[PDB]
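Below: one structure, written as structure tokens.
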Amino acid sequence: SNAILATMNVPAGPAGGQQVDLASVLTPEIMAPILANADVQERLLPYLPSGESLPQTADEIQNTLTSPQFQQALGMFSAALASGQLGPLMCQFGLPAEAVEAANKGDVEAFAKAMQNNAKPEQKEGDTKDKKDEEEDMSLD
């Protein structure tokens with residue numbers, strides 16, 4: 001059994017990225033399905049800044065974490081990520097192997113990098129050579 005709302009919040013302190021800006025690489029729509037998971041919320045609790053709250057549904061996450069609050073909430077995200085506490089979670093969302101590895105290693109830039117490199121929405125689905133004449137004939141055709 002797990003599901004522990006650990007109320008041990010004595011300090012506060014999100015840990016964002018200085019080189020790779022998390023808010024410009026990760027958008028609310030990507031974070032929403034993740035943060036809507038109460039399990040990740042558990043891991044974000046120790047890093048939850050003062051005044052911030054954890055939205056339950058993706059829609060309200062978008063409403064609350066528009067930009068200022070988003071950078072703060074994403075900062076606690078990367079904070080739990082840096083600790084590796086948020087690592088195993090990434091695989092359960094169907095996230096890139098490189099991203100889940102990064103989340104376990106606690107590398108926030110690698111996560112952000114691998115996210116938009118692998119979850120890159122260009123709909124590349126179906127790489128198979130059962131079509132395309134990449135080797136053609138020369139005579140008449």
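Labels for the structure tokens follow display order: chains A, B, ..., residues from 1 in each chain, ligands from 1.
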Closest contacts (segment 42-126 of chain A/segment 14-31 of chain A, max 6 Å, only C-alpha atoms) as JSON lines:
```
{"residue": "A:47", "atom": "CA", "partner": "A:14", "partner_atom": "CA", "distance": 5.7}
{"residue": "A:62", "atom": "CA", "partner": "A:28", "partner_atom": "CA", "distance": 6.0}
{"residue": "A:71", "atom": "CA", "partner": "A:23", "partner_atom": "CA", "distance": 5.8}
{"residue": "A:75", "atom": "CA", "partner": "A:14", "partner_atom": "CA", "distance": 4.5}
{"residue": "A:76", "atom": "CA", "partner": "A:14", "partner_atom": "CA", "distance": 4.3}
{"residue": "A:79", "atom": "CA", "partner": "A:15", "partner_atom": "CA", "distance": 4.7}
```
Item to check | Within 9 Å of segment 96-103 of chain A using only C-alpha atoms, minus same-chain residues under 5 positions, as an MDAnalysis selection string | outcome: chainID A and resid 78 80:91 108:115 117:119
Next on the checklist: Just want the 8 Å neighbourhood of residue 45 of chain A, counted on only C-alpha atoms, with same-chain residues fewer than 4 positions away dropped. Output as a VMD selection string.
Outcome noted: chain A and resid 5 to 7 9 41
Store the residues picked out above, limited to C-alpha atoms, as a PDB file, in the first residue's frame.
```pdb
ATOM      1  CA  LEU A   5       0.043  12.554   1.599  1.00  0.00           C
ATOM      2  CA  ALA A   6       3.248  13.242   3.449  1.00  0.00           C
ATOM      3  CA  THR A   7       2.739  16.403   5.359  1.00  0.00           C
ATOM      4  CA  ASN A   9       6.483  20.417   4.433  1.00  0.00           C
ATOM      5  CA  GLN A  41       1.492  14.468  -6.647  1.00  0.00           C
TER       6      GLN A  41
END
```
Item to check | Every residue of segment 22-106 of chain A that DSSP places in alpha helix (DSSP H), as a ChimeraX atom specification | outcome: /A:22-25,28-35,38-44,58-64,68-82,97-105
Using the selection just defined, write its residues with N, CA and C atoms as a compact mmCIF listing (two decimals), in the first residue's frame.
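See again14.txt below for the written result:
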```
# COMPACT_ATOMS: atom_id res chain seq x y z
N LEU A 22 12.56 24.79 -18.59
CA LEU A 22 11.51 23.80 -18.52
C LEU A 22 10.17 24.29 -19.05
N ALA A 23 9.86 25.54 -18.82
CA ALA A 23 8.56 26.09 -19.19
C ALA A 23 8.42 26.32 -20.68
N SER A 24 9.54 26.42 -21.35
CA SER A 24 9.53 26.64 -22.77
C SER A 24 9.75 25.34 -23.55
N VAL A 25 10.15 24.29 -22.86
CA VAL A 25 10.35 23.00 -23.51
C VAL A 25 9.19 22.04 -23.19
N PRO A 28 2.05 22.83 -20.73
CA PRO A 28 1.02 22.35 -19.79
C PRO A 28 0.34 21.06 -20.25
N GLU A 29 0.01 20.97 -21.54
CA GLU A 29 -0.65 19.78 -22.12
C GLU A 29 0.17 18.48 -21.95
N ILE A 30 1.47 18.61 -21.83
CA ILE A 30 2.33 17.46 -21.65
C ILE A 30 2.40 17.09 -20.17
N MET A 31 2.35 18.10 -19.33
CA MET A 31 2.47 17.92 -17.89
C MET A 31 1.15 17.55 -17.23
N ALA A 32 0.06 18.03 -17.80
CA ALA A 32 -1.29 17.81 -17.27
C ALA A 32 -1.63 16.33 -16.98
N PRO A 33 -1.46 15.38 -17.95
CA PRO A 33 -1.78 13.96 -17.71
C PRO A 33 -0.90 13.35 -16.61
N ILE A 34 0.28 13.91 -16.45
CA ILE A 34 1.21 13.45 -15.47
C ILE A 34 0.81 13.96 -14.10
N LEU A 35 0.67 15.28 -13.97
CA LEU A 35 0.34 15.92 -12.69
C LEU A 35 -1.06 15.58 -12.20
N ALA A 38 -2.29 11.36 -8.98
CA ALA A 38 -2.10 11.61 -7.56
C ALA A 38 -0.80 11.00 -7.05
N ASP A 39 -0.32 9.99 -7.74
CA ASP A 39 0.92 9.29 -7.38
C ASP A 39 2.12 10.24 -7.55
N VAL A 40 2.11 11.01 -8.64
CA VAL A 40 3.21 11.95 -8.87
C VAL A 40 3.07 13.11 -7.92
N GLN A 41 1.82 13.43 -7.59
CA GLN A 41 1.49 14.47 -6.65
C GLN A 41 2.14 14.17 -5.30
N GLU A 42 2.14 12.89 -4.94
CA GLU A 42 2.80 12.42 -3.73
C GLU A 42 4.28 12.77 -3.74
N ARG A 43 4.91 12.57 -4.88
CA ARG A 43 6.34 12.84 -5.01
C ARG A 43 6.64 14.33 -5.12
N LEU A 44 5.67 15.11 -5.55
CA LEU A 44 5.84 16.53 -5.70
C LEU A 44 5.58 17.28 -4.41
N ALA A 58 -6.79 17.33 -15.48
CA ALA A 58 -5.91 17.96 -16.48
C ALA A 58 -6.41 19.33 -16.88
N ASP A 59 -7.72 19.44 -17.07
CA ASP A 59 -8.35 20.70 -17.45
C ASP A 59 -8.07 21.81 -16.45
N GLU A 60 -8.25 21.52 -15.18
CA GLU A 60 -8.05 22.54 -14.18
C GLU A 60 -6.56 22.84 -14.02
N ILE A 61 -5.71 21.86 -14.37
CA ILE A 61 -4.26 22.05 -14.37
C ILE A 61 -3.92 23.12 -15.39
N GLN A 62 -4.52 23.01 -16.56
CA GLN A 62 -4.31 23.97 -17.64
C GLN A 62 -4.78 25.36 -17.20
N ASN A 63 -5.88 25.39 -16.47
CA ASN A 63 -6.47 26.63 -15.98
C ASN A 63 -5.60 27.30 -14.92
N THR A 64 -5.03 26.50 -14.05
CA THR A 64 -4.24 27.01 -12.96
C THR A 64 -2.78 27.26 -13.38
N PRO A 68 2.93 31.56 -14.77
CA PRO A 68 3.65 31.78 -13.50
C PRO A 68 3.59 30.58 -12.58
N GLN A 69 2.37 30.12 -12.30
CA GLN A 69 2.16 28.97 -11.43
C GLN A 69 2.75 27.72 -12.07
N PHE A 70 2.73 27.69 -13.39
CA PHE A 70 3.24 26.57 -14.15
C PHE A 70 4.73 26.41 -13.95
N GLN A 71 5.46 27.51 -13.97
CA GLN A 71 6.91 27.47 -13.79
C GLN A 71 7.28 26.99 -12.38
N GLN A 72 6.45 27.32 -11.43
CA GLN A 72 6.61 26.90 -10.05
C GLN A 72 6.29 25.42 -9.88
N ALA A 73 5.15 25.01 -10.42
CA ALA A 73 4.72 23.62 -10.34
C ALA A 73 5.63 22.71 -11.16
N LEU A 74 6.11 23.21 -12.26
CA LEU A 74 7.02 22.46 -13.10
C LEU A 74 8.40 22.41 -12.44
N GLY A 75 8.66 23.40 -11.61
CA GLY A 75 9.90 23.46 -10.89
C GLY A 75 9.96 22.43 -9.78
N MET A 76 8.81 22.12 -9.20
CA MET A 76 8.76 21.09 -8.17
C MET A 76 8.75 19.72 -8.83
N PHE A 77 8.24 19.70 -10.07
CA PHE A 77 8.23 18.51 -10.90
C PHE A 77 9.66 18.08 -11.16
N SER A 78 10.45 19.01 -11.66
CA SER A 78 11.83 18.75 -11.95
C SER A 78 12.62 18.51 -10.66
N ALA A 79 12.13 19.05 -9.56
CA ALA A 79 12.75 18.85 -8.27
C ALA A 79 12.63 17.40 -7.82
N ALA A 80 11.43 16.80 -7.95
CA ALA A 80 11.24 15.40 -7.58
C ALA A 80 11.93 14.50 -8.59
N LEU A 81 11.97 14.98 -9.82
CA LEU A 81 12.63 14.30 -10.92
C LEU A 81 14.13 14.22 -10.63
N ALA A 82 14.72 15.34 -10.22
CA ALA A 82 16.16 15.41 -9.91
C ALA A 82 16.55 14.44 -8.79
N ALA A 97 11.87 6.03 -23.35
CA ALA A 97 12.81 5.29 -22.52
C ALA A 97 13.93 6.21 -22.05
N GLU A 98 14.32 7.11 -22.92
CA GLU A 98 15.36 8.07 -22.61
C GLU A 98 14.88 9.05 -21.54
N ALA A 99 13.59 9.34 -21.56
CA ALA A 99 13.00 10.27 -20.61
C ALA A 99 12.87 9.62 -19.24
N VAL A 100 12.40 8.38 -19.20
CA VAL A 100 12.26 7.69 -17.93
C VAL A 100 13.64 7.42 -17.30
N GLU A 101 14.64 7.12 -18.13
CA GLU A 101 16.00 6.94 -17.66
C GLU A 101 16.48 8.24 -17.00
N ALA A 102 16.28 9.35 -17.70
CA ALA A 102 16.67 10.67 -17.22
C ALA A 102 15.99 11.01 -15.91
N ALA A 103 14.71 10.66 -15.80
CA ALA A 103 13.93 10.92 -14.60
C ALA A 103 14.44 10.10 -13.41
N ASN A 104 15.01 8.95 -13.69
CA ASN A 104 15.59 8.12 -12.64
C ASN A 104 16.96 8.62 -12.27
N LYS A 105 17.69 9.10 -13.25
CA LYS A 105 19.02 9.64 -13.02
C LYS A 105 18.94 11.00 -12.36
```
